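Peer 1: Please find one structure pasted underneath; my questions will follow.
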């Protein structure tokens, strides 16, 4: 029988910074500094800057050299990661309870005192090429990247990975500039697990009071639409079809999330038929053999993309995309049962609860919530918010997809992949 | 400036190799002795008294 | 229910000091390993999956 | 299919202390090295001579 | 400030029970709204013969495709519709089926597992459909150099024994295995006393015990007379298997010496040593400054694309070593360095590196058991292997006991002047000769 489960504590300082901690009474500690500094904040003169940054978390700082960050962290068994999204960067650190201080100090040094010495950043440049090659080993990453480049005129159109032409080109000054114009107090959230509030709070007031950057959503993603096609003779065709949907935090975003589980988004049973996935089952009808399909759902600060993703043999991409699109048209046209929305509601709900089961999924959830919404929203009210989605909302979301201007990306042998106008 | 090799780890390193360095001397002594037939040293080993008196 | 990354779908790259470079958001594939012939390299100009800093005795 | 491999039978090349599955080989590990090393020791002793 | 030490005591005790069946029922309550449950059986390719090898793997396919009470796709829809997740896996000594599910769905989750574990239909048409799926997974697997190389490593290390075989079996067994072969393997193995019903989350032990009694009573209402469920020890062989293929862009290599087995306490020190050596991947930040000499030299001299140490444990035996991936002209250097590090630890380990290795194990231990699934898997399989749970704190004391001496002695024992098992796949012309590898296992200055 576990002890008293503490409540998360949350604090906004007058400078905009947010601190959120949960005393886990757990053997280890996890701490993250979340920043509104992702890819969407680059512009056309500095593309890739934030990729190189993601890769420079162990370069020398005032206060700690590269060698020290690496040995000091590894002497205690700890770790230091940086996770990027088009909206944000998350510097996360973990270690046992007794070592949070040194890890905290390493964290502070990396995020508020990097030196970007000219020779250390030069030695790092070729990592951009290796890091990108590894990620692009999955066709999915190229597709989702082309997907966003087609969907937007700017901001969200930027890729997570540095454009080749920029490799070797990003400069120390650009890194100094990106940190100082984006790693500021009002764009940050300091989240801690297995640490006390007063300790995090003290750290924030002491070391995270910096501001002199930008404040807005200094862009506002302009959804635009269009398609990008990469021919390559991979064996399967990967394709994604999308329309503008809802911004994170709007009630409509919740309709999209449920539409996503009606249609289907990930398998539940090892080697199963996916009986309750309406999308899969609808492609399965007229298509015989290798293929995958799933709803795709991405919601951001000021926009969102929703649709589907198909993997199929080159010759039947058309059949697969068209059968899938037809399946969404069928639910926009009103053919949806309450028991389906209800079941889709249970996978969303169960899935969310499952995603915050571990401390790393909780840390991320709390951190993203802190940046996106400025608050913590507990499991019962998220559930309650999902519950308020009506069948009609789900139908409306589907309707918005069917009639909205689209974006498509596809890679493979495209000889049989429809353009948008052919859909 | 040889103070680069002065610290706890180096002292533990020195220790772990003492038996080895000791045993290498054993080998070297016995080996020098036996190759020159060290009259002095050998006269004391029970057998190997192939020098009568 | 924020956390775009895990709200499933958008892409989320991770870099590490000790652990390993990840690209792990959402798209289909799992049910492509089911109806099959989803090759994969093993370890072509690469890296490594599942990664480490976990164990037991 | 790489699972159709199978290492071929070495029974007629094996030292007798091994040869039997069911039995671990760690138990004859010292003896088998003992014998092969003794051979070299003796050799070098002879060459020393 | 709760200290780390203190927090280890805060981890609630794992509760264990037994039905009259012999079925052990174990849980770790935590107050999450979600949980993981499933059954752990010790059955796996090591229990199979030449003839039925790949049997369990075949059952795992069939496992979720219809019971008697829920035929065809009825299972899927019950699970999918509650939002739960249904998984399974099989190694050479273990098999598992588990459900991730909303905590208040424990009752059905459990009802489902029993049904799977007991009333598996094995409808003749299904097995035929699966024949081609598995074959396909085989072609699929042949392209993962890493999977192929450990399969080779097992095949040569345990050359004339059951542990030599892979889990999926050879293609011909997949072709000829019949329903009767499956039902017999099932009856032979899916028997109460070799099964553990495990759970972790917002449950309570009594509920799980009640459910175990409700849906699982009636498995060993029989129990066999002279059957023969015993496991014979597996001969380890110092050998090499080289699959030369210059058409592949990088070489895979896996070396190992004989490990002691799940039960041996020596495993704690071995893992500490393995942590010191670490792993490496070309996407790691900071290379030249990495603690591990192997890791840092590999990063500075580009000897590697990746490498990792390992300690596979089986009953009374195991594989202890490292696997690496590299360019055709670096295999020789990678081996030289890998082997220098084992030797160095055998005879020369210092104190601060052991501390780093120790801490690395503490973080790994704890980082791993995070969330219901990993904890469940740990309860389930620990009972299979150790017989008990082994609470964090006991592991902590084992780790604490390790110092330089222990590393030196424990390493020496398994590594020093020991015949390794070598498996290699790819552009391996430069892979050192076996005699040469064998000579790297001892030091002439020692």
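Protein chains in written order, with the authors' numbering: chain B, 17 to 439; chain K, 1 to 53; chain I, 1 to 57; chain E, 1 to 49; chain A, 1 to 446.
Using N, Cα and C, we set each Cβ at its ideal position, and we do this for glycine too.
1. What in chain B is Cβ-close to residue 43/I, meaning under 8 Å?
2. Should residue 47/K be labelled buried (16 or more other beta-carbon atoms within 10 Å of its own) or exposed?
3. What are the boundary residues of the alpha helix (DSSP H) that includes residue 82/A?
4. By the 7 Å beta-carbon criterion, what residues does the segment 66-95 of chain B contribute toward chain A?
5. For chain I, is any of its Cβ atoms less than 7 Å away from the one on residue 381/B?
6. So, using beta-carbon positions, are residue 169/B and residue 78/B closer together than 7 Å?
7. Pair every Cβ in the segment 42-62 of chain A with every Cβ in the segment 173-189 of chain A, then say whether three or more of these pairs are closer than 8 Å.
8. Using a Cβ cut-off of 9 Å, pull out every chain A residue sitting near residue 13/K, in sequence order please.
9. Which runs of the alpha helix (DSSP H) spanning at least 4 residues fall entirely within the segment 166-207 of chain A, listed in chain order?
10. Residue 163/A and residue 259/A: beta carbons closer than 7 Å?
11. Taking a Cβ distance cut-off of 8 Å, strictly less, list which residues of the segment 184-215 of chain A are near chain I, in chain order.
12. For chain A, check one thing: does any of its Cβ atoms lie closer than 7 Å to the Cβ of residue 346/B?
13. Counting only the same chain and skipping the five closest in sequence on each side, list residues whose C-beta sits under 6 Å from that of residue 234/A.
14. Pull up the CB-CB distance for residue 308/B and residue 292/B, whole angstroms please, since I reckon it's below 8 Å.
15. Taking the alpha-carbon positions, what's the residue 12/K to residue 351/A distance?
16. Could you tell me the distance, in whole angstroms, from the CA atom of residue 1/I to the CA atom of residue 15/K?
17. On the three-pair Cβ rule with 8 Å, is the segment 23-39 of chain I touching the segment 429-439 of chain B?
18. Should residue 38/E go down as buried or exposed, given a rule of 16 or more other Cβ atoms within 10 Å for buried?
19. Using beta carbons (cut-off 7 Å, strictly below), is residue 242/A in contact with chain I?
20. Tell me the rounded alpha-carbon separation between residue 44/I and residue 283/A.
21. Output the distance between the C-alpha atoms of residue 314/B and residue 36/A, rounded to the nearest integer angstrom.
22. Taking DSSP as the reference, what is the three-state secondary structure of residue 20/B?
23. Please classify residue 234/A: does DSSP put it in a helix, a strand, or coil?
24. Where do the ends of the alpha helix (DSSP H) carrying residue 117/A lie?
25. Which residues, in order along the segment 301-316 of chain B, keep a beta-carbon less than 8 Å from a beta-carbon of chain I?
26. With 7 Å as the limit, tell me which residues of the segment 280-293 of chain B have their beta carbon closer than that to any beta carbon of chain A; keep them in chain order.
27. Against residue 29/I, what residues of chain A qualify as contacts under a CB-to-CB distance less than 9 Å, listed in chain order?
28. Just reading off the alpha helix (DSSP H) that residue 434/A is part of, what are its end residues?
29. Rounding to the nearest angstrom, what Cα-Cα distance links residue 361/B and residue 231/A in this structure?
30. Below 8 Å between beta carbons is the criterion; list the residues of the segment 136-158 of chain A that meet it against any residue of chain I, in chain order.
31. May I ask you to list, following chain order, the residues of the segment 383-403 of chain A that have a beta carbon less than 9 Å from some beta carbon of chain I?
32. Does the Cβ of residue 40/A have 16 or more other Cβ atoms within 10 Å, making it buried, or fewer, making it exposed?
33. For residue 281/A, is the classification buried or exposed, using 16 other Cβ atoms within 10 angstroms of its Cβ as the cut-off for buried?
34. Exposed or buried, residue 2/K, counting other C-beta atoms within 10 Å across all chains shown (16 or more means buried)?
35. Could you round the C-beta distance between residue 44/B and residue 366/A to whole angstroms and report it? I think they count as a contact, below 8 Å.
36. Could you confirm whether any beta carbon from chain A is found closer than 7 Å to the beta carbon of residue 48/I?
Peer 2: Straight from the coordinates:
1. As a working note, residue 43/I is residue 43 in the third chain. Neighbours of residue 43/I on chain B: none; closest Cβ ~10 Å, over 8 Å.
2. If you number the second chain from 1, residue 47/K lands on position 47. Exposed, since its Cβ has fewer than 16 Cβ neighbours within 10 Å.
3. Residue mapping note: residue 82/A aligns to position 82 of the fifth chain, counting from 1. Annotation for residue 82/A: the continuous alpha helix (DSSP H) segment containing it runs 74-82.
4. For the segment 66-95 of chain B, the residues whose beta carbon sits under 7 Å from a beta carbon of chain A are, in order, 71, 73, 74, 82, 83, 86, 87, 90, 91, 92, 93 and 94.
5. Taking the first residue of the first chain as 1, we reach residue 381/B at position 365. Yes, residue 381/B lies at the interface with chain I (some Cβ there is under 7 Å from its Cβ).
6. Residue 169/B sits at position 153 when you count from the first residue of the first chain. Residue 78/B sits at position 62 when you count from the first residue of the first chain. Taking 7 Å as the Cβ cut-off, residue 169/B and residue 78/B do not qualify as a contacting pair.
7. Touching, yes.
8. The residue labelled residue 13/K in the question sits at position 13 within the second chain. Residues of chain A with a Cβ closer than 9 Å to the Cβ of residue 13/K are, in chain order, 348 and 350.
9. Within the segment 166-207 of chain A, the complete alpha helix (DSSP H) runs of at least 4 residues are 171-176 and 179-189.
10. Here residue 163/A refers to the residue found at position 163 of the fifth chain. Here residue 259/A refers to the residue found at position 259 of the fifth chain. No; because the gap between Cβ atoms is not below 7 Å, this pair is not in contact.
11. Taking 8 Å as the Cβ-Cβ cut-off, the segment 184-215 of chain A has no residue approaching chain I.
12. As a working note, residue 346/B is residue 330 in the first chain. It does not; no Cβ of chain A falls within 7 Å.
13. Along the fifth chain, one-based indexing puts residue 234/A at 234. Answer for residue 234/A: 158, 161, 163 and 317, listed in chain order.
14. In the first chain, residue 308/B corresponds to position 292, counting from 1. In the first chain, residue 292/B corresponds to position 276, counting from 1. Not confirmed; about 16 Å, so no contact.
15. For this step, residue 12/K is matched to residue 12 along the second chain. For this step, residue 351/A is matched to residue 351 along the fifth chain. So the two alpha carbons sit approximately 8 Å from each other.
16. Taking the first residue of the third chain as position 1, residue 1/I is located at position 1. Taking the first residue of the second chain as position 1, residue 15/K is located at position 15. So the two alpha carbons sit approximately 59 Å from each other.
17. The segment 23-39 of chain I, when compared against the segment 429-439 of chain B, does not touch it at the 8 Å Cβ threshold.
18. Working through the fourth chain from its first residue, we reach residue 38/E at position 38. Exposed is the call here.
19. Residue numbering aside, residue 242/A sits at position 242 when the fifth chain is read from its first letter. No - not a single Cβ of chain I is within 7 Å of the one on residue 242/A.
20. Taking the first residue of the third chain as 1, we reach residue 44/I at position 44. Taking the first residue of the fifth chain as 1, we reach residue 283/A at position 283. Each residue's alpha carbon lies about 14 Å from the other.
21. Translated into positions along the first chain, residue 314/B becomes position 298. Translated into positions along the fifth chain, residue 36/A becomes position 36. Their Cα atoms are separated by approximately 28 Å.
22. For this step, residue 20/B is matched to residue 4 along the first chain. Reduced to three states, the DSSP call for residue 20/B is coil.
23. Stepping through the fifth chain from its first residue, residue 234/A is reached at position 234. In the structure shown, residue 234/A sits in coil (DSSP, three-state: anything other than H, G, I, E or B).
24. Against the fifth chain, residue 117/A aligns to sequence position 117. Where residue 117/A is concerned, the enclosing alpha helix (DSSP H) stretches over 106-119.
25. Residues of the segment 301-316 of chain B with a C-beta less than 8 Å from any C-beta of chain I: 305, 306, 307, 308, 309, 310, 312, 313, 314, 315 and 316, listed in chain order.
26. Against chain A - using a Cβ distance shorter than 7 Å - the residues of the segment 280-293 of chain B are 284, 285, 286, 287, 288, 289, 291 and 292.
27. The residue you call residue 29/I lines up with position 29 of the third chain. Neighbours of residue 29/I on chain A: none; closest Cβ ~13 Å, over 9 Å.
28. Walking along the fifth chain from the start, residue 434/A turns up at place 434. That run of the alpha helix (DSSP H) goes 434-439.
29. Residue mapping note: residue 361/B aligns to position 345 of the first chain, counting from 1. Residue mapping note: residue 231/A aligns to position 231 of the fifth chain, counting from 1. Rounded to whole angstroms, residue 361/B to residue 231/A spans 48 Å at the Cα level.
30. Under the 8 Å Cβ criterion, the segment 136-158 of chain A contributes 136, 137, 139, 140, 143, 144, 145, 146, 147 and 148.
31. If you check each beta-carbon in the segment 383-403 of chain A against every beta-carbon of chain I, the ones closer than 9 Å belong to 390, 395, 398 and 399.
32. Start at 1 with the first residue of the fifth chain, and residue 40/A comes out as number 40. Looking at its Cβ environment, which holds 16 or more other Cβ atoms inside 10 Å, residue 40/A is buried.
33. On the fifth chain, residue 281/A is found 281 positions in, with the first residue counted as 1. Label assigned to residue 281/A: buried.
34. Residue 2/K sits at position 2 when you count from the first residue of the second chain. Residue 2/K counts as exposed, since fewer than 16 other beta carbons sit within 10 angstroms of its beta carbon.
35. Your numbering for residue 44/B matches position 28 in the first chain. Your numbering for residue 366/A matches position 366 in the fifth chain. Rounded, the Cβ-Cβ distance is 5 Å, consistent with contact.
36. As a working mapping, residue 48/I is identified with position 48 in the third chain. Judged by the 7 Å Cβ criterion, residue 48/I is in contact with chain A.
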